[PDB]
Novice: 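Take a look at the following structure, please.
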2 protein chains.
Amino acid sequence: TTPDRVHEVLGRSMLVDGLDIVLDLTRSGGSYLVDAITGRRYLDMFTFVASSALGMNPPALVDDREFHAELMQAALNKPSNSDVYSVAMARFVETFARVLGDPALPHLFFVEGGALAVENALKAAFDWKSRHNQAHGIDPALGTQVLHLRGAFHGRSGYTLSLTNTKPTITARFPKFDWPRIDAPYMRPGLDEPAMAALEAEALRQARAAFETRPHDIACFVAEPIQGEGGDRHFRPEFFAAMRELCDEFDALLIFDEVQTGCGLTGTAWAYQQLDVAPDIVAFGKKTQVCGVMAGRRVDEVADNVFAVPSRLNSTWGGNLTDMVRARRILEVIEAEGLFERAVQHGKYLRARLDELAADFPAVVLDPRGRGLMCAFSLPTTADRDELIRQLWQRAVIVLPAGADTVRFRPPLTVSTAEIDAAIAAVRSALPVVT
Amino acid sequence: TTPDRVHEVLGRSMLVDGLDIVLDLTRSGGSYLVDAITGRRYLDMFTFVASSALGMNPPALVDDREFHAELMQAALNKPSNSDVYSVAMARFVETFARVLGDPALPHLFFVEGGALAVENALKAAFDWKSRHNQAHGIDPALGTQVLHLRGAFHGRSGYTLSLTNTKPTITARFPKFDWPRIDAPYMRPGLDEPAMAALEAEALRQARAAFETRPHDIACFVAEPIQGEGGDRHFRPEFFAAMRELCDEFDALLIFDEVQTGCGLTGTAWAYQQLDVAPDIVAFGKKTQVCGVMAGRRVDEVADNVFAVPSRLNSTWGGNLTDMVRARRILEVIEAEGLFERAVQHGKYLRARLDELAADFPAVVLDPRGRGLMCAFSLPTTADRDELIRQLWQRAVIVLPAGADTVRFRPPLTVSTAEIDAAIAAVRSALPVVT
Ligand SMILES: C[C@H](C[C@@H]1CCCCN1C)C[C@@H](C)c1ccccc1
Ligand SMILES: C[C@H](C[C@@H]1CCCCN1C)C[C@@H](C)c1ccccc1
Ligand SMILES: *Cc1c(COP(=O)(O)O)cnc(C)c1O
Ligand SMILES: *Cc1c(COP(=O)(O)O)cnc(C)c1O
């Protein structure tokens with residue numbers, strides 16, 4: 001089977017709506033994807049939907065002969081890590097704890113897939129609330145609802161389908177629990193301190209109303225610290241701090257879904273570390289390769305919680321061992337090469353460039369925003385947004401859309417300023433064409 | 001980190017309730033797991049919860065130098081297969097279609113995890129029923145319920161938590177949809193043709209009652225063709241044939257969950273092929289490494305179904321590319337070495353041995369049963385079952401429990417008769433000790 005026949009073969013069995021290229025697995029590297037049909041190189045601001053930390057074939061992985069043998073040992077088989085342990089697994093777990101761990105959140109759980117990571121966070125919370133209720137004289141049948149935001153994206157699985165509300169395509173015709181949803185008080189351009197504070201008070205009022213009308217029945221509040229798929233919507237630390245206090249008031253856990261914000265993209269291990277809010281549970285995925293949760297804080301107040309009692313949480317595999325081995329090497333590179341700090345520095349550079357774009361194209365490049373390497377801007381209409389993406393594709397720059405009118409940048413942590421300049425140069429080229 | 005410190009390290013972060021061994025990734029092979037602490041070899045009738053087709057480090061994979069390079073290419077990165085295609089992916093898809101495909105079920109979809117494979121089958125069905133309703137003058141808000149069996153195990157995710165009903169530990173304190181559940185008319189010892197037929201009529205009556213009291217609202221019937229975790233419970237082809245007809249009568253899809261029965265274990269690619277019942281959707285996982293669904297039959301009667309319309313089903317990764325590359329090699333070995341037929345022959349041998357056990361230990365070894373290599377027997381009490389498992393562990397034979405009093409055998413397809421004899425010899429040793 002030849003590169004030029006890939007779309008043909010796949011097309012017999014599946015819907016083929018992805019990119020026009022065929023990925024060259026060997027010749028792609030760093031911030032470039034190589035199309036195996038033409039050999040054209042594509043500048044990557046997309047990173048497998050923000051799931052690659054270092055880009056393709058990073059040198060510290062490719063040149064590492066000891067690592068090759070470790071990866072191969074892992075890749076040949078697929079053990080059930082949930083009941084068969086190995087040195088390979090333990091090395092990953094201890095380096096995850098070292099590089100990404102939070103002392104307040106010592107309980108780790110691993111699974112394949114981001115939706116299921118969020119779900120295990122939720123299951124942790126339902127169990128917690130039911131047992132916390134029970135211990136305090138309240139009916140243990142209560143504690144089954146999840147407070148969440150408009151524009152949230154948490155996945156496409158049984159539970160997360162009740163939370164996700166972006167495109168109706170994702171959720172239409174699928175059965176949902178009726179869980180309380182509140183407005184998202186995200187930063188928008190041209191709203192000052194008190195204008196922002198008023199918008200937050202309104203979400204807080206909605207959250208508080210939800211807590212009082214479903215007493216003892218809300219198990220947790222879930223949020224993306226920055227909403228990704230919904231359109232790169234950022235929130236002031238003030239909002240989550242108030243939510244944190246409101247959650248404690250009503251004995252409900254605070255879960256951050258860091259599947260997209262996690263693993264150094266915003267400049268720190270986790271976005272919540274910059275918002276100065278302590279969560280009880282963190283769901284991770286994408287760049288971590290293996291997905292899962294970190295839990296602690298109030299979770300430990302219930303002694304027979306989901307992390308202390310056998311067989312409450314499980315999967316056949318407990319995550320992919322190959323993902324585990326790759327991820328620990330990735331983490332070791334992040335740690336040794338200072339890549340969180342590099343994301344801070346380079347994220348400031350990218351942001352500055354988008355501010356310059358906004359100045360030169362004031363009615364077109366709207367609302368430049370970002371935290372670390374997680375950056376975006378908006379266009380006036382969705383037709384303009386889609387056209388800008390097509391135009392960038394023709395210039396061999398891969399970016400992702402989000403929401404109705406956002407273009408998001410998701411470079412690897414290893415992106416250089418020259419690579420950023422080239423991405424920006426391509427946007428300057430395409431803009432007069434869209435206007 | 002050393003083999004003897006694995007349990008210590010893991011224990012700081014997670015609950016450590018798996019096996020006492022540390023898996024030697026390199027020295028394990030075929031039907032033997034090697035403990036890296038002592039070097040003791042363990043006879044494997046467990047196969048990573050039935051998820052390994054060929055056992056550890058199969059020679060056709062280990063000695064294949066071209067395959068090594070392909071695996072390594074795949075293992076170094078983790079592309080989003082859902083939007084970035086590759087030769088590696090297309091080779092897997094076409095060999096899956098060739099070795100395991102069904103002409104009636106041409107739509108393939110891939111995901112990480114068995115629970116999510118079942119869920120995508122369900123989502124396919126909810127969508128189908130809503131659109132089929134709509135096209136026939138019925139409210140499209142109807143079609144949200146799943147008919148299913150007692151003792152069923154379909155996973156631990158949002159939707160499958162409403163279906164799974166084995167141990168209360170798996171499902172307690174988690175929110176569920178109230179979906180119709182019916183009795184499971186499995187074969188039990190000492191019930192003849194009419195006794196069996198009466199028991200089936202009763203489940204059929206319950207199924208029919210469910211259809212008539214929730215009109216147009218049941219989207220599908222799900223079943224394991226042989227119930228695994230619930231205790232290796234087999235059903236006569238007569239039962240599923242009648243269910244097939246009843247499903248057509250009420251315009252509902254028939255989904256087989258073949259995550260455990262699939263990929264040659266019962267002697268054929270799929271168990272349903274031996275029961276002579278055509279499903280509309282098949283969910284697969286475990287031995288396939290990548291999980292997912294095959295769909296067709298009545299699914300194609302709705303032209304804008306989930307397989308024809310973009311973005312209705314998705315995940316970030318669309319399955320693990322490393323799993324895809326490994327699995328196609330596994331499939332090529334199954335095909336070239338005639339391993340389905342070998343499962344038929346060796347499964348007959350194992351069954352015969354369990355019949356001999358039943359004859360020599362008539363009050364202890366109860367209800368020997370199997371299809372292909374999927375075999376089991378029961379003890380009088382669960383205390384006896386647990387003791388037999390402990391005793392076998394001491395003799396270095398790994399088997400799994402199921403249900404209240406079942407011991408299940410899950411050998412690789414490559415098991416030899418000598419290996420079976422050794423497993424049986426160990427059971428004969430342990431039995432007088434348990435009695
Ligand atoms: C591991 C358990 C099965 C369970 C635990 C080990 C021994 C006996 N079983 C009750 C279920 C597993 C297949 C799963 C996980 C996540 C989503 C879906 C499904
Ligand atoms: C791939 C989509 C996201 C979606 C499709 C591609 C472009 C824009 N998005 C609306 C959701 C995905 C993260 C997922 C899958 C399975 C379970 C949970 C979550
Ligand atoms: C294994 C199993 C599943 C769930 O698989 P996971 O990969 O652990 O999520 C679903 N159905 C059946 C019949 C199973 O054996
Ligand atoms: C990616 C995403 C998920 C779902 O991840 P999958 O691996 O595709 O299931 C959940 N939450 C957020 C915020 C995401 O970005």
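In the text below, chain A, chain B and the rest are named by the order of the sequence lines, each starting its count at 1. Values reported hereafter were calculated over all heavy atoms of this structure, with side chains retained and with hydrogens, waters and symmetry mates removed.
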Novice: Measure A/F307 against the heavy atoms of chain B and call it side chain, backbone, both or neither at under 4.5 Å.
Specialist: backbone
Novice: Using heavy-atom distances under 4.5 Å, tell me whether A/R326 contacts chain B through its side chain, its backbone, both, or neither.
Specialist: side chain
Novice: Name the region of A/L25, side chain, backbone, both or neither, that has any atom closer than 4.5 Å to a heavy atom of chain B.
Specialist: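 Backbone plus side chain of A/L25, per the 4.5 Å heavy-atom cut-off to chain B.
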Novice: Under a 4.5 Å heavy-atom cut-off, does chain A meet the side chain of B/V16, its backbone, both or neither?
Specialist: both
Novice: Report which part of A/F96 has an atom under 4.5 Å of a heavy atom belonging to chain B: side chain, backbone, both, or neither.
Specialist: neither
Novice: Measure distances from A/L161 to the heavy atoms of chain B and classify the residue's part below 4.5 Å as side chain, backbone, both or neither.
Specialist: side chain
Novice: Main chain of A/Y159, side chain of A/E119: is a donor-acceptor contact present, judged purely on distance under 3.5 Å?
Specialist: yes
Novice: Scan side-chain atoms only and decide if B/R156 and A/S311 contain a donor-acceptor pair under the 3.5 Å cut-off.
Specialist: yes
Novice: Between A/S130 and A/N133, do the side chains contain a donor N or O and an acceptor N or O under 3.5 Å apart?
Specialist: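 No, no side-chain donor-acceptor contact under 3.5 Å.
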Novice: By a 4.5 Å heavy-atom criterion (distance strictly below it), what part of A/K286 contacts chain B: side chain, backbone, both, or neither?
Specialist: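 Contact with chain B: backbone and side chain both.
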Novice: Measure distances from A/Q260 to the heavy atoms of chain B and classify the residue's part below 4.5 Å as side chain, backbone, both or neither.
Specialist: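 No part of A/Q260 comes within 4.5 Å of chain B.
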Novice: Measure distances from A/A36 to the heavy atoms of chain B and classify the residue's part below 4.5 Å as side chain, backbone, both or neither.
Specialist: neither
Novice: Check whether A/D323 gets within reach of chain B through its side chain, its backbone, both or neither, counting any heavy atom under 4.5 Å.
Specialist: side chain
Novice: Would A/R329 and A/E70 pass as an ion pair if we require N to O under 4.0 Å?
Specialist: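 Salt bridge between A/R329 and A/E70, a charged N being under 4.0 Å from a carboxylate O: no.
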Novice: Is the closest basic N to carboxylate O distance between A/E94 and A/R98 below 4.0 Å?
Specialist: no
Novice: For A/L54, is it the side chain, the backbone, both or neither that has a heavy atom under 4.5 Å from a heavy atom of chain B?
Specialist: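 For A/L54, neither part sits under 4.5 Å from chain B.
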Novice: For B/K167, which atoms come within 4.5 Å of any heavy atom of chain A: side chain, backbone, both, or neither?
Specialist: neither
Novice: Is any NZ, NE, NH1 or NH2 atom of the basic residue among A/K123 and A/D127 found under 4.0 Å from an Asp or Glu carboxylate oxygen of the other?
Specialist: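 Result for this pair is no, no salt bridge flagged.
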Novice: Considering only heavy atoms, which portion of A/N320 lies under 4.5 Å from any heavy atom of chain B: side chain, backbone, both, or neither?
Specialist: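 The side chain, not the backbone.
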Novice: Need one label for B/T322: side chain, backbone, both or neither, based on atoms under 4.5 Å from any heavy atom in chain A.
Specialist: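 For B/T322, the side chain is the part near chain A, not the backbone.
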Novice: Without swapping roles, check the side chain of B/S28 against the backbone of B/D24 for a donor-acceptor pair under 3.5 Å.
Specialist: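 Pair found, side chain donor or acceptor close to backbone of B/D24.
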Novice: Between A/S82 and A/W317, does the side chain to side chain donor-acceptor pair (under 3.5 Å) criterion hold? Intermediate values first, please.
Specialist: CA-CA 6 Å; A/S82 49; A/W317 289 304; over 6 Å; no
Novice: Identify which part of A/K287 has an atom lying under 4.5 Å from any heavy atom of chain B, answering side chain, backbone, both or neither.
Specialist: neither
Novice: Which atoms of A/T47 are under 4.5 Å from chain B, going by heavy atoms: the side chain, the backbone, both sets, or neither?
Specialist: neither
